[PDB]
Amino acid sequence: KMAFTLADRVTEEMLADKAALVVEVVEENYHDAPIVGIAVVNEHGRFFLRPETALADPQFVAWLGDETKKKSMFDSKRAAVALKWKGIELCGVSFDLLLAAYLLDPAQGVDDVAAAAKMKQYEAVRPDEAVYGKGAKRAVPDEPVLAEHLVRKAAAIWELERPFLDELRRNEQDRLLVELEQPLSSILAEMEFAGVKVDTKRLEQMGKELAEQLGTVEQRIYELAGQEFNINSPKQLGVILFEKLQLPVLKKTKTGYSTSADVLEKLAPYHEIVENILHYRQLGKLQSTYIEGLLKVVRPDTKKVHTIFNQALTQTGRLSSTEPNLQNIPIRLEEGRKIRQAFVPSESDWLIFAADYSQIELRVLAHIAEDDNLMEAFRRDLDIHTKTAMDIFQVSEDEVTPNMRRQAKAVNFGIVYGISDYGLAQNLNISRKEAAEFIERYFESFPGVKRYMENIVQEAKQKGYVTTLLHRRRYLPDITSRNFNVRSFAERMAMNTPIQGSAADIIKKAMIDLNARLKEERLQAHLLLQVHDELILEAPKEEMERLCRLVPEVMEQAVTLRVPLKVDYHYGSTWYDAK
C-alpha cells in the first residue's frame, strides 16, 4: 500500500540530518546476526535499501557513524550490536521509541513498533509476529512484504517521536530518556559485544565431577525409595514421598503435593531420602543450567558468552539478562560458586574487578522515609541487621544471638518488599500473630518508615502511580480493587517499586559516570556485567590500584542521598577470586 522508493543505490536525500531509521535484525539473538533490510523516513520521503547495497556504501556507513545526523529508532541497541559485529559504528541516536514507551508505561510489555504505536492509536503498521512468525515460524518474508513492513515501522517512528516526547515531558521523564536510558543503551551495546570469556575446559571438568556425584546420589535415592522413578518430576516425587513412604504433608496444594525446597527442609527429619533429594536438586541445577546450558551458548571460536540485556522489560527499571542469564550465576553455596572460576579475563594478564553497593535498598529506604533511627544507623556504618535485632528484641549489641539477627534480617527484607504478617510468617516458619508482633516492634523502632509506607500507599491511591528518584513511573490500578489479595499486592508494589527502582536508577547513573571517567583517564578497563547492585569489569593488572579508588568513588557519588552509598570491591584472576 504505502508509497516509497525501493532504491537499488544510496542517494544524498537518504542522508538528511534527521530521520527515522530501521536496521532490521529478525533473529531474536542479534549477536553476529544478519541485517535483512534498511528503512529511512526523513523530510524527503520513504526509502527501503537492501543491506548488502547500503552497508557496502561508504557514504551510508559515514552517515550511520556521524553523531550530527540524528536518528529516531526502535531498539537502537539491537541495531548497534548487529552493526558492531560488522565493524560499523552507529551514532546520533537521539530518540528510541522502545525506551520511550517503556518509561511511559512499563506494564504495556511494548516489544514492537506496533504496540508502541497503539499507545497513540497509530494502527498503520503490523506487529512483527504477524510479519515474521515466532520462534519456530521466525522467517524473513519476500522483499515486497519485508520492505513495506520496514517502511511502515520507520513512518510510525517518524510520526510517534513528538507525541512520545510531549508525554515524557509532561511526566518529567524527558531527562530519564535523554540522559539516562539512551546513553545506557550504548553502554549495554559495548558490554554485550565485548562479552565474557569462559574457560570451557574448567566447565567440562566440573560437568564430569557433577555427573559422577549425581550418579552416586540417584542410586542412594533409589535404594532409600525402594523403586526407580524420575526424581526431576515434582509429580512422581510427591507420590514417592507422600504415598509410598507416607511422609506427612505440611503444605496442602490444590493439585498433588508441593516438593518445594521450603517443604523438603521441614521434611528432612522424618526420612534420610529428603536431604539426598535436595543435594540431587542442587547438583542437577548446576549440571543442566550452568554447565550444559552455558556450554551451549559459548561461541566456539572466542569461547565468549554474549548476554542480551533487556533494558525494557522489568516493572521496576531493573535490567534483565538472557541467553545466557549472567545475573543469576551461583554464589551462595560453595559447590555452585566454583562455576565463577570458569569466568575469566578476555586477555593475558587482565583481572576481573567486582564492585557492589552494600545494602542499597535499605539505604534508599532510609533516604526517602527520612527515618532518623535508620539514617543514624547508616551514618554510624552499623551492621543494619544487628541493630534491627537490638531495636525489635530490646537488647544490647552483645546480647544479639545469631537466631535474633537471622529473624531481624528477614524483617528487613520484608520491609523493602512490602511487609505482610502472612508473608513474613511464611518466610520465618512462625505464626501470623508472631510475625505481626515483629512488624509492630519494627514500626515502633522506625516510625519514619511506618509514616512513609502509609503516606506512599496513600499517595499511590491519589496519583494512581508511584515514582522513583529519577522519575521512573509504575501505574498501580489494583490499589482500588475490592479483592483483598489483589489490593494488598498493589500496596506492596507501592512500598517496593520506589526502593528497587531508585536502586536501579542509581546503578544506571553510576555506569554512565564510570564510562565517562574510564575514557577521561584512558584506562583499558571496561564493564562486562551489571547484577542489579554490582558492576563487574576486566582490566589490565596495571590498572587495579587506580580502579580500587576510581570505581567505588564513581559509584558512591552517582547520587547524593541523606545517607552514604557504601561500595565494597574485589579483584582476582577469575570472577570466583573477585570476592
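Heads up, when I say rigid core I mean the largest set of C-alphas that superpose within 1.5 Å between the two forms. From 1 onward, residues are counted along the sequence shown.
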| query | Of the stretches 413 to 421 and 198 to 206, which sits farther from where it is here in 4 other deposited structures of this protein, on average over its Cα atoms, after fitting the core? | reply | 413 to 421
| request: Would you mind working out which of 273 to 281 and 129 to 137 sits farther from this form in 4 other deposited structures of this protein by RMS C-alpha distance, with the rigid core as the fit? | output: 129 to 137
| request: Read off the CA B-factors in the entry, average them over 148 to 156 and over 117 to 125, and name the higher stretch. | output: 117 to 125
| note | Per the PDB entry, mean CA B-factor is higher for 334 to 342 or 161 to 169, namely for 334 to 342
| Out of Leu90, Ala211, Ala100, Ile352, which one has a C-alpha B factor higher than all the others in the entry? | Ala211
| query | Based on what the PDB entry reports, which of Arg78, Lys197, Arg487, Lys84 has the top C-alpha B-factor? | reply | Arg487
| task | Would you mind checking where the Cα B-factor of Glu190 ranks among the modelled residues of its chain, as the lowest, middle or highest third? | result | lowest
| field | Lowest, middle or highest third - CA B-factor, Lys251 | value | highest
| field | Within-chain third of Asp505 by Cα B-factor, per the entry | value | lowest
| request: Could you say whether, by C-alpha temperature factor, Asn232 belongs to the lowest, middle or highest third of its chain? | output: highest
| said: Based on the deposited C-alpha B factors for this chain, I'd like to know if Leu203 is in the lowest, middle or highest third. | reply: highest
